[PDB]
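Taking the form deposited in one PDB entry, here's one chain by itself in structure tokens.
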């Protein structure tokens, strides 16, 4: 009757798990993936040693200091295994929303309902859960809603088995009645495990968070904005005057995060499909030097156009983005001339981006190109 069953799939240590598949010799050698001076992520064969995501190399390294590092500044292989996952999930139900390269929501409502359509009266008593149940809560085989959530978790365990048999990947699921809760209950047991949340334990999940910043939807800026007003817990946010919430953020944000704080989230799962933009990015110590920076720009374009091509679609807008020292980024944008779309192409393309460059740079700590408006 309008209650949903959503699954939130979230792969373990994604990048490190691609590097290990490519290079067995890194199988339980404690592994971190390197981008610039950061350990962007590391394997659980390494996490125990107090090595954390986005930890300094020097820090990550003093700990360990044989832990092993691979460069992961080129995201090609990760983007490619990432879409294989969504594609796999799409085979179950077509409505798959990506969050990042490693998270997916699937709306399982239509599938739970078909399955249960499909059972005799007896085989209805023997419906079992698969994996964890949040807060060790008792199942009631007569609660139409518990019955679905368990069938949910049966699907999830199938999605997980398949991600492993078909892509050699392990990870987590959370089943629950909306995206917020599903995203939250997928982390309870890590790393290669899954959890289902029964409606009666919703407040327990929600109140188990220590910081409002842990709510998907509330950011760094938002949080410190609430902290300023004296709102630190989920309950502070629950009990707090709508009128005061409006006087800081707008009725847009104010009414939405308050729902979030109660565990209430109506957003549907959206079909991501193909991406709305391809971009490429380079970051540095400084730069400033028109001509190489034309280089740096040349580099991004060569790689970008390869990617954009295969897709099949074509993009009708280019973007240039920069950063100074000293964020705090600045962008210029323009359409991509008709005849230029047909495809030669780099030559005329660089001219573009380079005027675009001059419109904000006279007399730089990052450069990046984006193609968007894909048709």
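Residues that one form lacks are left out of the comparison. Only the largest set of C-alpha atoms that superpose within 1.5 Å between the two forms is called the rigid core. Numbering follows the first chain given and starts at 1.
We do not show the form deposited in another entry, though everything after this point is about it.
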property: Conformational change between this form and the one not shown, one of 123, 161, 74, 292, C-alpha moving 2 Å or more after core fit; result: 292
property: Residue 247 C-alpha moves between this form and the one not shown by 2 Å or more, core aligned; result: yes
property: Rigid-core superposition between this form and the one not shown, with residue runs of at least 3 whose C-alphas all shift by 2 Å or more; result: 246-248, 287-293
